[PDB]
Structure formats: structure tokens, C-alpha cells
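In: no sequence on this one, just coordinates:
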Ligand SMILES: C[C@@H]1O[C@@H](O[C@H]2C[C@@H](O)[C@]3(CO)[C@H]4[C@H](O)C[C@]5(C)[C@@H](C6=CC(=O)OC6)CC[C@]5(O)[C@@H]4CC[C@]3(O)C2)[C@H](O)[C@H](O)[C@H]1O
Ligand SMILES: [Mg+2]
């Protein structure tokens, strides 16, 4: 319990933490000074892209009762949010959109990673491309997505690498997308751009956000119909390509795994 | 493919220098 | 209880030979009946000290968990052993974090124990294989028959016959004794033999000559007495019980330790709860704001500190076993330098307890002999003829002989068959004049008058070896007055000369000078008989006067005393130079006591007692202002009626004190009284009458060889060679290891601030977890284990012997000043270095600082597999995690890089690193290992999983650099200021 010297401590720390805080910020500001606006200095961490799912699955599962309207309001909400973006109303004026090929077209590098030109043009995408996705209760619609990657040029497998059975062969410009779980208790349908079960190589390479605000990435509606309703089923979407890899630890590297159950 | 690191060579390159101080220090303790 | 033992005893030596027999119903010439014998046996018990309650067991391990520190480790590892179960009931996420951490601290306790249990195990055995005491047999008279029996069979009433060589079986009341001396170096601590007569002398059962006390040993002559006290009933016996039956007490070092916790826990709950309220106000349910409070413990409680300190102490103590100083306790290692006042025994401790020829008066000149064990001094003279005529007499008029088979052991250590004085002579001549048996052979003894009680002298008649004047030679020795009373001439420089009243005065000068030095004096003279009144075959009458006894040739005096140790004096001086108060507590007589005192430097030159003054100005006692007497001396007879306030006052106003003729129990009160001042006092004795003082001492210290068993037991330290000078070495090391302990607590606790904050702001700014748990454990026990220990080996930033003993109540081991440096200053710079590396790794990987606020929510979301960076890229769950964990790893490296810096600025306290240079060779190697370790814990094939440690990119390591170097500087500068302004608001604020 010391007195009269309290001001000696206070004044000390004040202008010590004060300068320590100065230096910590100082440096912070400088290392803020050697990284692009346009491109992350390191990307070797996201090497394999990751296939994410719109229906927000608590634990990779979509169990719900057809007989309840609210038994799947949760899966409805989030699937709503992802899609309110792709509105034909959000993207009307060629600024800054471009009605790309109604089908699987070819990619077109829009210059480089500079702000030397304007806002890099952004290919459109119609909510219509995703037929039958109410949403339906019988057989919920589940759309898939590919993770954004600056400079990523997906390269679909050559006609020489393909097994039983990802079809058709859209070697041109499209990333196949099959689904499975033995255990064949399903019936798979895919509502695509062109109708194909794959991504159009007309949307890459994605040019950052800072370079392409309002950019929009492809979608891939995939809902089943004839399925069990008294048991959980284990199905797994998977992407395919040279530029596509998977790991044992990450159960999301270019694939999902969904535990659907339409109990009622 | 500027999306690649030669991690395999820095792992092989650090493990070679942490095994050198491990033995340099064994030269100065056991003197 | 013991209070009964804090008081003088009673006895009945004042009873006539009859009474003592009528009270015990025994016989004086017969001794009681074997029937009355076995009987009085089963009545009380056997004659021995009850089995010492020294039977420990495996359960001892528990004692290693009494230490306040050990408690935290337990309270924590249990408290963090519950966090897992609290969450587990919900979701098994952090099962390696909490669950592991608990087990870790758990096992820690267990090993730390081992280094504490292996200590008091190795020390015992190492001291148990020593000279084992094997009780012998006693000689009793039962039914007029004398026999020998187990000493345990001796009962209160039987006749016991003792001789020269054995020891006192039990407490005796002499009834017969012929020239009987004994050794009271266990009660009075006085080596010089004490005659024993059936006649009572002093009213004090401690001075009477008709009582022999157990545990002693009859030096010479014979005697017989009745047993009045047996077993514990013995005078010295009661002391043993009070010695091994006393309380231990809390050590000094332990005080610092326990106090240190109060401060640690002190903040750990201030932050713990301060951040619990903060968490609430930050939108946190009652299931979280508390699950955090429990959080701020590990971060706040050193896990490796305990195992550190312990390793330190163990080490320092190993450096003392190398200098022949042993210990039984680990805490003791420190006490010796926290000491402010040393209480010392005189005999066996400061001295050697062996009569030795000290001085000689030949050629009207005072000579002085070398008195050390190893004869470190110098010779006096050997040229003068007188010396030879003196050396011959001491060697021939002498009956002492070296025990057989000792040509191996040095002269001063070989046992001798003979009394005190004569052993001394034997040894003294044997040393600087060759074998004495050579003298008793060349000069054959024909007739001699052994030393008579009336005669006061001992003479001999030897056949001269000279082939020229080989005529009967007469030699006698005895009291200086009796010898001079029978002298006509005085061999000076070879040729005889008249006993002038001039030299009958210069002998009266020496005899009173050597005597005043508390030394025993012997006078020597010889005579060359007239070969006319004595033929070649003359027969001498030892019973009648057949030869000349008067008018002999005086040759010289020689004196002897209980010389001190080798370096005892030089040693004591050291401690005084350090500011340690030296106090002699001996049960000896003032005369000799005060003597050895001025000889060892407990009492310096020019200082005086109230009495000394009284003698000089020739005034009464009660006329000298006590305050002018810086020294004094106190007889135990004066203390008996002294109230503690008086002793208090005696210790306050004097600087050089000598409590003499004190009873064991007084030692106790003296020590106590010194402690009552608040001082740290150490007791160093050998005689069993020292235990009660040595066990009550903050730290006791015993004499290995000459020390008795029970003092060794109640003692905290063992000098194996009795080298006092180790003591100095002891306090030095004690003071050195003290500071270096600070420096290590510093280093360690500094590491703490950059371990906590990452988990604090995590909750305040909602950013991903900068530092993971598995990480912290790779510092507090990974890299921050070597450096710390290395700090044990720092030297002194100055001469420490040159400074006063620390004030135990004021200069704590972990004071608030050291807190505000590691916590409020250095750790802070160590923290910022930590975060700098943080934002770097994230930024270069696409997550700017700004965007990092409030991310944790979604970040730690294990569903969102598309969280968006500041570049618009999208990350899965595991991918961004691999960055978090790779953001853990460098925070870990980065720390290490600031522990480079801390480790150096902590190697010193006031001296610049340039001044103290880099002598420490361990501290060096630690950097390399501390580093090599981090490096390894990174680029290890699999560690990425076993410890979620991922490799670091080139540009990674150099993230802390600019900070680490800042630290180095900030401290070097600060210390330069402390040096320039030794006030001060710079030193008394920051100076640990
Ligand atoms: C915001 C918070 O974030 C996640 O949890 C966080 C809090 C809590 O859960 C834990 C585990 O219990 C904490 C724990 O409590 C405290 C720690 C023992 C702490 C230490 C202090 C120390 O001194 O050394 C170690 C540092 C990490 C720690 O080892 C774990 C790390 C995993 C974590 O999981 C992290 C979850 O997502 C959670 O649900 C959400 O509430
Ligand atoms: Mg003694």
C-alpha cells in the first residue's frame, strides 16, 4: 500500500505500453505493406478446392419429416439465402455482367491481375438453369458449389481417365460431378448449365473479389427422388479432374458426404 | 501452377540444420 | 511435556555411602542378589535408550506433496482434470488439451517427488555405512562376584566397576576411586579429564566428582559406584529424548517458496475472475464465462518451475558433496547464507578435543609449538642444547606408548595408551625428534617414582647411552612450583647456571603467562648423579630416599591445551567479514572458554568484558557502565535465574558474546532468544549436549568424525572431514544459488505473459486462436526447461561475501519488483512479438488483420466449409485450420526467439552483459538445444498430427527478430541506468 508514487507508476506504463503499442502497430502497418490488394501472397494451403453444400447440415445430415412443413424450414432458409444472390434482378445491366454462353463455353482470361482496366466482367447465371430447384418435400433439392480460387484453371480429366461411371464425356469445358454411397438406395438427377452434371469452364479463373465484386460462381442442383424414408442413407458427391484432389482428413476436399433421412 | 510449394525440401532442409545445432551443442557441452 | 526437560535436574549425591545403600537396599562390597537383579530389571526396563522413532516407509512419498508448490500442481492438475469432464458430458472436443494437461502435471508431481525421495535415501545409506556404534559389556559386582554383562541388564542398585578405557554403562554414584579421571565432553563439552572421587564436591549434580554420567568414558584410573540412573533415567539420557523429541520447524528457503505462491495464485484468480466478468459483459452465458475462469490457471501456474527449482537445489548441493559438505535435507542447502548469527560448540567443534603441547619455556624464552592436525605451522627451535635435555625428559619421564599397529595413521591421529598430558608429550616428541621408543631403549629405565598424589611429581633413573659419561641420569616432571622448589641450577644454552632470583622470576613470568592462556603447565628438570655415590650396579630404593631429590638442574617448562582446528580461526573471521554474528555456546569454564574465544576471533583484540574493565581500573564490578563492555561472558550459573527479556537484552547490546558452562537446555534458550530477534541462526556442535540446540536451529551442522550419534541425527548438515572452511564455501554457494534462483524464476515467469494473452484477447476481439495448448506445454517443459536450469550456473555479479546477510523478512525471493518486469514489461514485449508473427502468417495467407475481428465464431464453425477471406477466396474447415495450427507453431518458435533475449538479460541483474561476458557454458548450449528443439518440433514427419505442429516457411522465423533484439536493448539500457544511478526510482522499482 504505497502512496504519492502511484503517479510514478501510472505515468510510466502509460507511456510504455504507449510506445510498446506504438511499435506493435508500427510493424503491423509495414507487413500490411507487402501483400497485394489483388492476390494472396500464399495459396499453397487451398491447393485442393473444397466442395461445399448449401443445405446447412448440422453434422453433415439432413433428417426431416415430409409430414411437417416446419420440419425442414431450416434447410429451406439457408438454401434460400445462397440463391437470393443469383437473382435475375441482381444482375440486369451488362454492367457489370455478360450473358456468357448458354452452355459449357470456353474460359477467357480477362487480362491480368491489375487495376489497369475496370472491374473485370462477371459471367451471369440463371436460377432457371437449376430445374425443379418449391422446394419439394418428397425429395429435397440439394445444390453443390465449388470453392473460389484465384487463378484456378480447372482442367477436366482426359478421355483416358474415367471409370464406372461419370458420364457424359464433356471433355470440352465442364467439371463432372457424380454422387454415390453397394448400398444403391437412390435415383440421381442433375439440373445443369446446358443440363450437364458439371461446372462450365467459362467462369474461371475467378479474379478475386477486390477485382470482381458481385462475381457469381456456378451452381449444380442435385436432388434424388425414389429413396428410403425409414433409414439414414450415406451418399457422397465427388468432383473430378487433374486439378482436383482429396485427402483422408478433410472430408470436404472436392466432395461432400450427406446423411439424409426423410422420416415419416 | 504457381500454386505449389517445395515444402518437401524445406522439411528436408530444416531437419538437416536442427540436427546440426543438436550436435554443435554436443560439441560445446562435451568439451 | 518437554518443558520438564528445560530445567536443571536433581540428584542425591549428598547422601552418605550408607543412605545410598539403604535407599537401594544393595551391598557396597557384594552388590545385590542376581535374584534382586533380574527382579529390579522387569520392574523398570532394560538399560538403553528407547528405540528411536526413526522408522519411515514408502508412504514417505506423501511428504513430497506437502510442499505448497506440489499442492498447486495437484490442485491444478486436478482442477484441470475436471475441465475435460465438464465439457465431455456435452461434446468430446478438447480431450488432448485438458485431459492431457492434467496427466502431464500429474506425472510431473510424481517425478519431482523422486528427485526429492532419492535424496533422503542416498544420504542415509551414505551415512549409515559409517562407524556403527556397538555397545560393549559392563563390569558389575553381584554377590561379591564381579562379572561382565549386556549393558542393558544393569539395574538401579548394582555395583559397577569401571577402568581406563571403557565407558560409563549407566549413571553412577562413586563409592571408591583411585586416581580416577573421566571425559565429560558430552555434558560440559570439556575434554580435559575430570577427576572422580567418592566425596561430593559441588552441590550441582553436574560438578560433583562422586557422580559419573552415562555416555561418558573413564579416561584413566579405577573406581566403583552404585547405579542410581538407568536408561532414559540417565542425566544425558533425558537429553536424548528431548533432542529427538523436539519440533522441526519451518526452514527459511521454504518460507520464500510458500510466500511466492500467494503472489502467483494472487493474480491467477484476479485475472481468472476479472476476465470472467469481462466475458459476461461480452455476451457470454453462465456456461462459458466460468469455463474461462477455470481457464486462467495453467497459463498462470508454472508447470515446470517446480521441477526447475528442485533440479537447481539438488545441483548446488552436489557441488558441496564435492567439497566434502553433505546434507540430509534439500531446503538446508540454502539456509547457510540466509544466516545472520552462528551459534557454535567449543569442544569438538571449534577445537580438536585432544591435549596438545602448545608452548615451552626453555632458554628463558617462550617458544610455541605447531598445534594443527596437519602441522601447517612451523617449528620453533631445535638447535639449542637445552631443547634436547628437555626433549629427553618428556620422552623418558613418561609412561605413554603408542597403541600397537598404527605406523599407518599420522602421529596426531594414532590412539595413545595413557592420560591426557602424557599422550600430548609422547606425540609432541615423536613428531619433531623421531621415535621416542628409540629414547627409552638407548636410555634404559632402572627405577622410577610414578606420579604421586602427594609428591605432585614423577621421576625416573635412566642408564646414560653416552659411551663417555654414561652415568645414572635423573629425570622428573610435575607442577612448576614443586619442580622449582627442588632446583639449584638451570641448564641454559647447554651449560648449567645458578638459580638466580632473576631467573626465579622470569620463570614466574612465563608460568603465569602460559597459565593465563588457560593452558596446563609442566615443569621439567634433570640431574646427572655423582657416579661416586652410585657405581655401575647401584641399586636404587624407590620406596626410600637412596638418591638426590633436592637441588636438581631445571631444564624448562612446557604447556598444553585443547588447541582449536586447522583453519577454525581464519574461518570465523570470514563470517564476521560477512556480517554474521559469532556466538560461543559451551558448557565449559569461563577461564578456558573466553580463552579459545580470543584465539579464534569470536572476541577480537582490544575488546573487554565488564570484568576486564573492572580489573584494569581496579574498581568494583557494579561500577563499570555495562555499555562500555562490547564483549562479555556468561556462566550458566548466572543464566539459571535470567528472564528471556534479559538474554534478549544481553544479545542486543553485545557484539562478541560467550555463554559458558551452559547446560544443553540453555543452548536451546540461547538459540531461541536469538531467533526471538528474528534472525536466522545456525548451530554447529558435536557433543550430544548440543542436539536440543542444533535441532531447534534453522539449520544445524554436525562434526562427522568426532561428533556423537544423536547430534548427527538431530542435525540438518554433516561435515564429513570437519573442515570448517567448507562453511564459508557453504554460505557463499548459499548466497550464489539464491540470486540465480531469482534469475530463473524471472526467465520462466516472463514466458508466461505471451502464453496467457493469446487466450484472453481471443475472447475480447473474437479472433482465431493464436496459440494452442499443446503449444504452451512445448515451452514450459520443452524449450523453457534447459535455459532455466542453465541459470543455476551464473557467477556473482560482485563479491557477495562482501555483503550483509539478507533480511529474511524484507528481501523476499520473489518480490513485487521482479513481478513488474517479467509481467508488466518484458513479457509484454514478448507478447507483441508473438502476435506480430501471428498476423504475418495469416496476412500472407489471405486474412488481413482488420478482417480478423469477430471471425472466431464462423472460423471455429466446423460446418461452414466456405469461409471467406479478405481476398474473396473460400476455405474449408480443415484448410483454414491447418493455418491456425501453423499459426500456433511459429508463435511457439517466435517465443523461443524472445527466450533467446530473455535468457541473456536475465543472466545478470545489474551488470551489463559486456561486463559479465559469456562465461556460462551451459547457458550457451541451451540456446542451441532450445532452438534445435523448436526447429525439430516443426519439420518432423508426423508431428503435424502428434502435436499439430506444422513446418514454417523461411520468412517465418524472422518474425520475432525485431522484437527479440528490442528486449535485449531495453534491459541493457535499464541496467546501465541502475548502475549510474544507484538510488533509486530505477533500481528500487525495476531492480529485481
Ligand atoms: C469460443 C469457444 O471456442 C472453442 O473452444 C475454445 C475454448 C474451449 O472449448 C477449449 C477446450 O475446452 C479450450 C479450453 O477451455 C481452455 C484451454 C485449456 C486453454 C488453456 C489455457 C491454459 O492455461 O493452457 C491451455 C487454451 C486452449 C484450451 O486447451 C482449450 C482449447 C480448445 C477449446 O475448445 C477452445 C469451441 O468452439 C467452444 O465451443 C467455444 O465456446
Ligand atoms: Mg562439545
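Out: Cool, the structure landed. Residues are numbered from 1 along each chain as shown, chains lettered A, B, ... in the order given. Ligands and ions are numbered 1, 2, ... in the order given.

In: can you tell me the residue of chain C closest to chain A?
Out: Scanning chain C for the residue nearest chain A gives residue C:872, at 2.7 Å (criterion: Cβ to the nearest Cβ). All C-beta atoms are positioned from the backbone trio N, CA, C, and that covers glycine.

In: what residues are up against residue C:224?
Out: C:141, C:159, C:160, C:161, C:162, C:174, C:175, C:176, C:177 (Cβ atoms under 8 Å, 6 or more residues apart in numbering or on different chains).

In: measure it to ligand 2 for me?
Out: Distance, residue C:224 to ligand 2, using Cβ to the ion, to the nearest Å: 28 Å.

In: mark which of the contacts of residue C:224 are part of strands, please.
Out: Among the contacts of residue C:224, the residues falling in strands (DSSP state E) are C:141, C:159, C:160, C:161, C:162, C:174, C:175, C:176, C:177.

In: possible to save the residues you listed as CSV with distance to ligand 2 and neighbour count?
Out: Conversion of the ones in strands among the contacts of residue C:224 to CSV gives the following (distance: Cβ to the ion, whole Å; neighbours: other Cβ atoms under 10 Å in any protein chain shown):
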residue, distance to ligand 2, neighbour count
C:141, 32, 21
C:159, 30, 24
C:160, 25, 23
C:161, 28, 18
C:162, 22, 26
C:174, 23, 25
C:175, 29, 17
C:176, 29, 16
C:177, 25, 23
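
In: thinking again about what came up before, and for the residue of chain C closest to chain A, nearest residue in space, chain neighbours not counted?
Out: residue A:209 (2.7 Å; Cβ to Cβ, 6 or more residues apart in numbering or on different chains).

In: how much space separates that neighbour from ligand 2?
Out: 91 Å.

In: contacting residues for that residue?
Out: A:215, C:868, C:871, C:872.

In: would it count as being in a helix?
Out: No: using DSSP: H, G, I helix; E, B strand; the rest coil, the assignment for residue A:209 is coil, not a helix.

In: for chain A, what spans make up the strands?
Out: A:52-53, A:61-63, A:97-98, A:122-123, A:144-145, A:174-180, A:188-191, A:198-200, A:221-224, A:233-239, A:258-261.

In: listing partners with orientation, what would you give for the last one?
Out: Which is strand A:258-261. strand A:61-63 (parallel), strand A:233-239 (antiparallel) (DSSP bridges).

In: mean neighbour count, the ones you listed: which tops it?
Out: strand A:233-239 (a mean of 19; mean count of other Cβ atoms under 10 Å in any protein chain shown).

In: quick one: residue A:3 from chain B, how far?
Out: 51 Å (Cβ to the nearest Cβ, to the nearest Å).

In: scratch that, residue C:228
Out: Taken as Cβ to the nearest Cβ, the span from residue C:228 to chain B is 66 Å.

In: with residue C:192 instead?
Out: 56 Å.

In: and if you look at residue C:965?
Out: Distance from residue C:965 to chain B, by Cβ to the nearest Cβ: 20 Å.

In: helix/strand/coil for the closest residue to that residue other than its chain neighbours?
Out: Ranked by Cβ to Cβ, 6+ apart and with sequence neighbours excluded, the top spatial neighbour of residue C:965 is residue C:901, at 7.1 Å. Secondary structure, three-state DSSP: residue C:901 is helix.

In: closest residue of the stretch 1-150 of chain A to ligand 2?
Out: residue A:1 (49.1 Å; Cβ to the ion).

In: which stretches of the stretch 451-600 of chain C form strands?
Out: C:457-462, C:473-478, C:487-490, C:520-528, C:552-561, C:581-585 (DSSP state E, counting those that start in this stretch).

In: need phi/psi at the most centrally placed residue in chain C.
Out: Centrality entry for chain C: nearest residue to the mean C-alpha point is residue C:701, 3.4 Å, by Cα atoms, centre = their mean. With angles defined as degrees, to the nearest 10, residue C:701 sits at phi -140, psi 130.

In: OK, contacts around it?
Out: Contacts of residue C:701 (Cβ under 8 Å, 6+ apart): C:682, C:683, C:684, C:694, C:715, C:716, C:717, C:718, C:719, C:727.

In: one more: residue C:921?
Out: B:28, B:29, B:31, C:793.

In: helix, strand, or coil at the third one?
Out: Going back to what we said before, that points to residue B:31. Taking three-state DSSP, the label given to residue B:31 is coil.

In: could you find the closest non-adjacent residue to it?
Out: Residue B:31 sits nearest to residue C:921 (Cβ to Cβ, 6+ apart), 7.8 Å away.

In: quick one: the helices in chain A?
Out: Assigned by DSSP state H, chain A shows helices spanning A:6-31, A:73-84.

In: next, format the strands paired with strand A:258-261 as CSV and append distance to residue C:251.
Out: Shown next, in CSV, are the strands paired with strand A:258-261 (distance: least, Cβ to Cβ, whole Å):
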stretch, distance to residue C:251
strand A:61-63, 63
strand A:233-239, 67
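
In: those strands: which one's closest to residue C:303?
Out: strand A:61-63 (40.6 Å; Cβ to Cβ).

In: still on that earlier bit, for the residue nearest to residue C:965, what are its contacts?
Out: Going by Cβ under 8 Å, 6+ apart, residue C:901 touches C:964, C:965, C:967, C:968.
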